[PDB]
Number of protein chains: 2
Amino acid sequence: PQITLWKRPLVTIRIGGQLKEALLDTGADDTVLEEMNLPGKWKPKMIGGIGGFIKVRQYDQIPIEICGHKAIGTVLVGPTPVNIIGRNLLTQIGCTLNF
Amino acid sequence: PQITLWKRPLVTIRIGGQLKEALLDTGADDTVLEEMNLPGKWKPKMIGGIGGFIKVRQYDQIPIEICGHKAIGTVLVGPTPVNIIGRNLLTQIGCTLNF
Ligand SMILES: CCC(CC)CN(C[C@@H](O)[C@H](Cc1ccccc1)NC(=O)O[C@H]1CO[C@H]2OCC[C@H]21)S(=O)(=O)c1ccc2c(c1)OCO2
């Protein structure tokens with residue numbers, strides 16, 4: 001699709017078998033989801049945002065369907081204010097900015 | 001132009017007589033610039049992200065040129081680690097997400 005920006009670019013995603021809403025976030029290097037269970041191994045990690053640093057769980061090579069497009073990549077889980085799809089997966093689905 | 005997301009979508013902006021590098025950020029409702037002593041009236045605000053909130057100064061109807069395109073609107077000034085162009089100005093320069 002082409003998505004304009006007068007509203008938040010929210011889309012439905014499918015991960016670990018479950019549907020969620022997430023924000024397409026070009027300012028995010030990484031994809032960060034709110035607290036949830038995912039299967040398999042994870043690593044403790046820390047990431048920083050506008051307000052400071054948080055602790056997250058890093059899950060690698062996780063399949064995620066984003067607005068109908070498949071990605072498989074790193075998903076961080078932790079206390080983000082909202083679910084965000086970052087550039088690591090935006091690149092996978094062929095997302096670009098255009099003006 | 002079309003901007004891929006392999007790297008941070010940083011572009012040159014001009015504001016208050018200074019040139020800066022800023023993220024084209026679809027995850028940002030508002031535009032948030034690193035501390036700078038702009039003239040004029042302002043109002044206090046708090047904005048939240050990963051890590052928590054920061055205190056910013058809200059300035060209205062500030063002209064800003066983004067990658068050669070003119071815009072004018074609200075800019076928040078405060079201790080952000082990166083200059084952030086949010087949707088309030090992305091819409092004004094005709095920016096969309098495409099995949
Ligand atoms: C609520 C949705 C986002 C937070 C999730 C909002 N952020 C914009 C993001 O794009 C920031 C923009 C940002 C970018 C770098 C540093 C600080 C902020 N990115 C961000 O936090 O990314 C993190 C995930 O990947 C990592 O790579 C970048 C930092 C990490 S924000 O910077 O906190 C932000 C910006 C404008 C706003 C706002 C909050 O509230 C109202 O207006």
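Keep in mind that the numbers below use all heavy atoms, side chains included, and drop hydrogens, waters and symmetry copies. Proteins get letters first, then strands, A, B, ... in listed order; numbering begins at 1 in each.
Residues of residues 6-18 of chain B lying under 4.5 angstrom from chain A, judged on non-hydrogen atoms, are B:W6, B:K7, B:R8, B:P9 by number.
Taking hydrophobic clusters as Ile, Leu, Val, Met, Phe, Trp and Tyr residues chained together by side-chain heavy-atom distances below 4.5 Å, B:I66 does not share a cluster with B:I72.
Of all heavy-atom pairs spanning A:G49 and B:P81, the tightest one is O-CG, 4.4 Å. Closest approach of B:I50 and A:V32 over heavy atoms only: CD1-CG2, 4.3 Å.
The most heavy-atom pairs under 4.5 Å with chain B, out of A:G52, A:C95, A:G27, come from A:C95. Of the residues considered (A:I85, A:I84, A:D25), A:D25 shows the highest number of contacts with chain B, using heavy-atom pairs under 4.5 Å. Heavy-atom pairs under 4.5 Å with chain A peak, among B:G94, B:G51, B:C67, B:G86, at B:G51.
Sorted by first then second residue, the ring-ring contact (aromatic ring centres under 6.0 Å, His included) pairs that include residues 75-99 of chain B, not counting sequence neighbours, are A:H69-B:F99.
None of A:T26, A:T96, A:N98 except one satisfies the side chain to side chain contact (heavy atoms under 4.5 Å, CB included) rule with B:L97; the exception is A:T26.
Both the backbone and the side chain of A:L24 come within less than 4.5 Å of a heavy atom in chain B.
Remark: B:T4 OG1 to A:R87 CZ distance equals 9.5 Å, nearest 0.5 Å.
In this structure, A:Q61 places its CD atom where only 12 or fewer heavy-atom neighbours from other residues, nucleotides or ligands lie under 6.0 Å away.
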